[PDB]
Number of protein chains: 2
Amino acid sequence: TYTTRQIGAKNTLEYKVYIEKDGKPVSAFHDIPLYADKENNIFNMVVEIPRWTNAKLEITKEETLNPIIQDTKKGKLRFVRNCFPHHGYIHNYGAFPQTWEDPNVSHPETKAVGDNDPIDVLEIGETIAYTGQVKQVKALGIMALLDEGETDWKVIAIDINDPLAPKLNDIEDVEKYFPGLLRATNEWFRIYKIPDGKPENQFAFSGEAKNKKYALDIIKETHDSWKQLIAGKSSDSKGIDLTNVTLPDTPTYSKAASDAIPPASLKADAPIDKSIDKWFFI
Amino acid sequence: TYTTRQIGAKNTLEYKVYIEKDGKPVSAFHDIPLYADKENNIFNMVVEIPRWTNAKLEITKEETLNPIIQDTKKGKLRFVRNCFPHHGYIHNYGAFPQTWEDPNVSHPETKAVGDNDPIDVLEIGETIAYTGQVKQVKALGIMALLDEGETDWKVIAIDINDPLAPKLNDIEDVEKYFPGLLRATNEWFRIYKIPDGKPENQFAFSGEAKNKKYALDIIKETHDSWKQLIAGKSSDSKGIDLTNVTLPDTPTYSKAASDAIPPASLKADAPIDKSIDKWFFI
Ligand SMILES: [Mn+2]
Ligand SMILES: [Mn+2]
Ligand SMILES: [Mn+2]
Ligand SMILES: [Mn+2]
Ligand SMILES: [Mn+2]
Ligand SMILES: [Mn+2]
Ligand SMILES: [Mn+2]
Ligand SMILES: [Mn+2]
């Protein structure tokens with residue numbers, strides 16, 4: 001069973017969320033299996049950001065056991081702005097562990113290098129998830145986002161426990177049960193950084209959402225890039241901390257890393273500056 | 001100075017918010033002056049529901065001093081559902097005190113009786129308001145909503161402290177600085193109750209937002225209806241509690257009413273059922 005270990009208050013620089021496997025901290029990047037049920041195409045998704053929130057939380061590549069922490073820009077805590085008609089993130093957002101968008105190679109389909117991070121997942125179920133939650137989802141499709149010129153695929157998925165899950169089997173079903181969502185998803189990733197002064201992003205395939213099979217191929221591909229990385233065979237690992245406690249066959253395996261993680265110190269959320277309330281009409 | 005006296009925890013049946021004037025509870029319906037600046041037409045708006053929230057809090061007509069209490073449905077707290085692409089309410093929502101949508105007569109403009117409540121206000125500023133907040137706003141326009149067949153005007157307004165207030169002077173400026181807000185406003189009020197089993201709402205004037213001049217005229221007439229009501233001259237007050245502590249000339253004036261209100265008993269917000277998370281595509 002996976003649980004979370006929180007250090008500090010949310011919305012502070014000291015906030016860290018470690019994922020625990022049976023009470024013991026494990027690497028959120030390397031120790032959680034990508035597949036919950038391989039042949040049935042059920043995956044383990046690590047949730048970073050709950051729907052309708054702004055704090056840009058992410059699994060950190062540079063710290064041991066890769067806790068989830070808030071991203072920073074110029075020494076300041078990072079928050080995504082509200083762009084009409086959306087309120088913060090419009091999906092439960094996270095990544096698939098044991099995957100890597102290889103920055104060392106130009107990807108053929110997008111003609112750009114990867115963004116140096118596990119592949120991204122948009123979970124569309126009704127329930128709002130929590131930071132550090134490990135959930136089982138099934139893939140429905142995938143969108144080729146070129147984020148600031150880098151390959152940054154967005155997998156469309158759904159918690160297997162969602163009431164609609166059995167009725168969603170491929171990308172065509174998303175438009176059927178969630179009309180307008182794919183259109184709103186394309187728009188969201190194109191414009192979410194404009195309030196920060198960044199240019200609009202673009203999508204390959206004219207923003208088309210590829211089907212489940214295509215999505216599976218990309219996922220497995222990024223999983224193989226991770227296999228190379230964790231074996232220590234990448235030409236450039238970019239300072240990613242490869243410490244893990246469940247892969248004894250790897251050179252960075254260390255059972256003792258778990259014991260070095262500090263105990264939980266869950267404190268009440270810190271306040272967020274009122275400027276984050278603002279709705280941008282871009 | 002207007003402050004708030006909170007009884008209980010937010011999101012519970014016992015939650016009440018009384019508005020205080022210099023430390024003394026006053027009627028949120030009758031004792032708060034409609035105009036903050038009559039010559040400049042600056043109005044006092046009582047905030048019921050903050051933007052992006054769901055609890056349907058309202059000024060209560062039947063309780064002494066008319067505190068803000070959450071509406072209920074079948075013994076349970078009433079929450080408005082999230083209808084794609086909106087999250088809860090898309091405006092800071094409230095009312096103008098000392099106004100009344102008269103249910104005893106059919107309004108010439110819409111040919112329907114009033115909904116028996118203070119006229120409604122949509123405040124479009126960037127900052128998220130708080131329940132029980134008395135804010136000064138300028139009127140920009142008005143929409144003729146026929147809610148379940150009753151005259152239910154919606155005044156469009158903005159906090160005079162908003163950074164864009166100087167630039168917004170009439171209805172046309174809303175589309176100029178908040179493109180799409182009006183269309184979204186039209187859609188929100190048409191569909192927000194479909195998930196509750198209600199039929200879609202309608203708008204007179206083809207759902208067009210009338211200008212400031214027009215709005216001022218309607219507010220004036222609802223203010224005159226209230227003047228009749230508070231005087232005890234309405235043919236039927238529908239059981240509304242007309243107790244007030246600032247209008248000596250009225251038969252229901254009673255200064256001791258402030259003293260009967262118990263002291264503030266603020267508690268931390270109570271959790272909201274996860275079912276409220278659900279996004280409806282209707
Ligand atoms: Mn990032
Ligand atoms: Mn990511
Ligand atoms: Mn990105
Ligand atoms: Mn990414
Ligand atoms: Mn009502
Ligand atoms: Mn109202
Ligand atoms: Mn109504
Ligand atoms: Mn009303």
# chains A, B, ... in the order shown; residues from 1 in each chain; ligands from 1
>>> interface_residues(of="chain B", to="chain A", cutoff="9 Å", atoms="only C-alpha atoms", output="ChimeraX atom specification")
/B:52,84-87,90,125-128,177-181,184,274-282
>>> residues_near_ligand(ligand="ligand 4", cutoff="10 Å", atoms="only C-alpha atoms and all ligand atoms", output="JSON, numbers by chain")
{"A": [58, 94, 95, 100, 101, 114, 115, 116, 117, 118, 119, 120, 121, 145, 146, 147, 150, 151, 152, 153, 154]}
>>> write_last_selection(atoms="N, CA, C and O atoms", output="PDB file, in the first residue's frame")
ATOM      1  N   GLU A  58       5.744  19.216  -8.444  1.00  0.00           N
ATOM      2  CA  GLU A  58       6.359  18.231  -9.349  1.00  0.00           C
ATOM      3  C   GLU A  58       7.301  17.313  -8.622  1.00  0.00           C
ATOM      4  O   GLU A  58       7.967  17.732  -7.677  1.00  0.00           O
ATOM      5  N   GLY A  94      -0.268  14.629 -13.355  1.00  0.00           N
ATOM      6  CA  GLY A  94       0.840  13.898 -12.782  1.00  0.00           C
ATOM      7  C   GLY A  94       1.733  13.290 -13.835  1.00  0.00           C
ATOM      8  O   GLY A  94       1.808  13.788 -14.964  1.00  0.00           O
ATOM      9  N   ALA A  95       2.382  12.190 -13.474  1.00  0.00           N
ATOM     10  CA  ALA A  95       3.299  11.495 -14.371  1.00  0.00           C
ATOM     11  C   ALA A  95       3.220   9.993 -14.159  1.00  0.00           C
ATOM     12  O   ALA A  95       2.592   9.526 -13.214  1.00  0.00           O
ATOM     13  N   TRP A 100      10.799   8.312 -19.174  1.00  0.00           N
ATOM     14  CA  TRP A 100      11.681   9.456 -19.342  1.00  0.00           C
ATOM     15  C   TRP A 100      11.643  10.013 -20.747  1.00  0.00           C
ATOM     16  O   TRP A 100      11.842   9.279 -21.717  1.00  0.00           O
ATOM     17  N   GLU A 101      11.328  11.303 -20.860  1.00  0.00           N
ATOM     18  CA  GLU A 101      11.313  11.994 -22.149  1.00  0.00           C
ATOM     19  C   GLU A 101      12.791  12.355 -22.380  1.00  0.00           C
ATOM     20  O   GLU A 101      13.273  13.389 -21.925  1.00  0.00           O
ATOM     21  N   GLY A 114      13.341  15.552 -25.881  1.00  0.00           N
ATOM     22  CA  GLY A 114      12.373  15.448 -24.812  1.00  0.00           C
ATOM     23  C   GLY A 114      12.636  16.495 -23.752  1.00  0.00           C
ATOM     24  O   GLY A 114      13.721  17.083 -23.699  1.00  0.00           O
ATOM     25  N   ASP A 115      11.667  16.687 -22.867  1.00  0.00           N
ATOM     26  CA  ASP A 115      11.792  17.673 -21.810  1.00  0.00           C
ATOM     27  C   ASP A 115      12.481  17.217 -20.542  1.00  0.00           C
ATOM     28  O   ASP A 115      12.381  17.886 -19.531  1.00  0.00           O
ATOM     29  N   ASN A 116      13.158  16.071 -20.568  1.00  0.00           N
ATOM     30  CA  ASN A 116      13.896  15.582 -19.392  1.00  0.00           C
ATOM     31  C   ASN A 116      13.024  15.369 -18.159  1.00  0.00           C
ATOM     32  O   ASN A 116      13.336  15.851 -17.082  1.00  0.00           O
ATOM     33  N   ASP A 117      11.951  14.605 -18.310  1.00  0.00           N
ATOM     34  CA  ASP A 117      11.039  14.334 -17.204  1.00  0.00           C
ATOM     35  C   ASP A 117      10.204  13.111 -17.558  1.00  0.00           C
ATOM     36  O   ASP A 117      10.176  12.699 -18.728  1.00  0.00           O
ATOM     37  N   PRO A 118       9.596  12.461 -16.542  1.00  0.00           N
ATOM     38  CA  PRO A 118       8.743  11.297 -16.785  1.00  0.00           C
ATOM     39  C   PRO A 118       7.617  11.802 -17.689  1.00  0.00           C
ATOM     40  O   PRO A 118       7.340  13.013 -17.728  1.00  0.00           O
ATOM     41  N   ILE A 119       6.960  10.897 -18.410  1.00  0.00           N
ATOM     42  CA  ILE A 119       5.898  11.304 -19.317  1.00  0.00           C
ATOM     43  C   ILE A 119       4.714  11.837 -18.498  1.00  0.00           C
ATOM     44  O   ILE A 119       4.451  11.353 -17.394  1.00  0.00           O
ATOM     45  N   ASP A 120       3.974  12.784 -19.052  1.00  0.00           N
ATOM     46  CA  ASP A 120       2.865  13.401 -18.332  1.00  0.00           C
ATOM     47  C   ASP A 120       1.508  12.760 -18.522  1.00  0.00           C
ATOM     48  O   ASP A 120       1.177  12.328 -19.626  1.00  0.00           O
ATOM     49  N   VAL A 121       0.691  12.829 -17.472  1.00  0.00           N
ATOM     50  CA  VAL A 121      -0.631  12.224 -17.480  1.00  0.00           C
ATOM     51  C   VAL A 121      -1.730  13.188 -17.024  1.00  0.00           C
ATOM     52  O   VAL A 121      -1.599  13.836 -15.977  1.00  0.00           O
ATOM     53  N   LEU A 145       2.267  17.631 -27.308  1.00  0.00           N
ATOM     54  CA  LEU A 145       2.544  19.006 -26.972  1.00  0.00           C
ATOM     55  C   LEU A 145       4.012  19.306 -27.145  1.00  0.00           C
ATOM     56  O   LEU A 145       4.869  18.518 -26.747  1.00  0.00           O
ATOM     57  N   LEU A 146       4.292  20.425 -27.799  1.00  0.00           N
ATOM     58  CA  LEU A 146       5.665  20.897 -27.961  1.00  0.00           C
ATOM     59  C   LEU A 146       5.683  22.039 -26.975  1.00  0.00           C
ATOM     60  O   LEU A 146       5.075  23.080 -27.218  1.00  0.00           O
ATOM     61  N   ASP A 147       6.256  21.800 -25.806  1.00  0.00           N
ATOM     62  CA  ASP A 147       6.277  22.827 -24.782  1.00  0.00           C
ATOM     63  C   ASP A 147       7.592  23.583 -24.805  1.00  0.00           C
ATOM     64  O   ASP A 147       8.626  23.047 -24.404  1.00  0.00           O
ATOM     65  N   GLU A 150      10.103  21.730 -26.743  1.00  0.00           N
ATOM     66  CA  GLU A 150      10.485  20.379 -26.362  1.00  0.00           C
ATOM     67  C   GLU A 150       9.323  19.408 -26.427  1.00  0.00           C
ATOM     68  O   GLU A 150       8.165  19.787 -26.220  1.00  0.00           O
ATOM     69  N   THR A 151       9.648  18.159 -26.759  1.00  0.00           N
ATOM     70  CA  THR A 151       8.672  17.085 -26.837  1.00  0.00           C
ATOM     71  C   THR A 151       8.091  16.899 -25.446  1.00  0.00           C
ATOM     72  O   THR A 151       8.807  16.575 -24.485  1.00  0.00           O
ATOM     73  N   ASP A 152       6.776  17.001 -25.360  1.00  0.00           N
ATOM     74  CA  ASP A 152       6.144  16.917 -24.070  1.00  0.00           C
ATOM     75  C   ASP A 152       4.758  16.289 -24.124  1.00  0.00           C
ATOM     76  O   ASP A 152       3.767  16.934 -23.788  1.00  0.00           O
ATOM     77  N   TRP A 153       4.707  15.019 -24.521  1.00  0.00           N
ATOM     78  CA  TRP A 153       3.460  14.270 -24.646  1.00  0.00           C
ATOM     79  C   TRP A 153       2.594  14.366 -23.403  1.00  0.00           C
ATOM     80  O   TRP A 153       3.093  14.294 -22.271  1.00  0.00           O
ATOM     81  N   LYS A 154       1.282  14.416 -23.640  1.00  0.00           N
ATOM     82  CA  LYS A 154       0.266  14.470 -22.587  1.00  0.00           C
ATOM     83  C   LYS A 154      -0.656  13.259 -22.782  1.00  0.00           C
ATOM     84  O   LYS A 154      -1.407  13.194 -23.753  1.00  0.00           O
TER      85      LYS A 154
END
>>> closest_residue(among="B:61, B:38, B:223, B:16", to="ligand 5", atoms="only C-alpha atoms and all ligand atoms")
B:61
>>> select_by_dssp(residues="segment 35-247 of chain B", states="strand (DSSP E or B)", output="ChimeraX atom specification")
/B:35-37,42-49,55,57-59,68-70,72-73,76-77,79,82-83,92-95,106-107,112-114,120-123,134-143,145-147,150-151,154-159,202-203,210-211,244
>>> atom_distance(atom1="atom CA of residue 77 of chain A", atom2="atom CA of residue 222 of chain A")
29.0 Å
>>> atom_distance(atom1="atom CA of residue 200 of chain B", atom2="atom CA of residue 29 of chain B")
28.9 Å
>>> closest_residue(among="B:131, B:250, B:44, B:72", to="residue 5 of chain B", atoms="only C-alpha atoms")
B:131
>>> closest_residue(among="B:182, B:142, B:65, B:137", to="residue 162 of chain B", atoms="only C-alpha atoms")
B:137
>>> residues_around(residues="segment 252-259 of chain A", least_positions_apart="5", cutoff="10 Å", atoms="only C-alpha atoms", output="VMD selection string")
chain A and resid 20 23 to 27 64 to 65 230 to 232 241 to 247
>>> closest_residue(among="B:212, B:183, B:193, B:135", to="ligand 5", atoms="only C-alpha atoms and all ligand atoms")
B:193
>>> atom_distance(atom1="atom CA of residue 155 of chain A", atom2="atom CA of residue 198 of chain A")
23.1 Å
>>> select_by_dssp(residues="segment 218-279 of chain A", states="helix (DSSP H, G or I)", output="list in words")
residues 218, 219, 220, 221, 222, 223, 224, 225, 226, 227, 228, 229, 230, 231, 255, 256, 257, 258, 259, 260, 274, 275, 276 and 277 of chain A
>>> closest_residue(among="B:40, B:194, B:149, B:46", to="residue 106 of chain B", atoms="only C-alpha atoms")
B:149
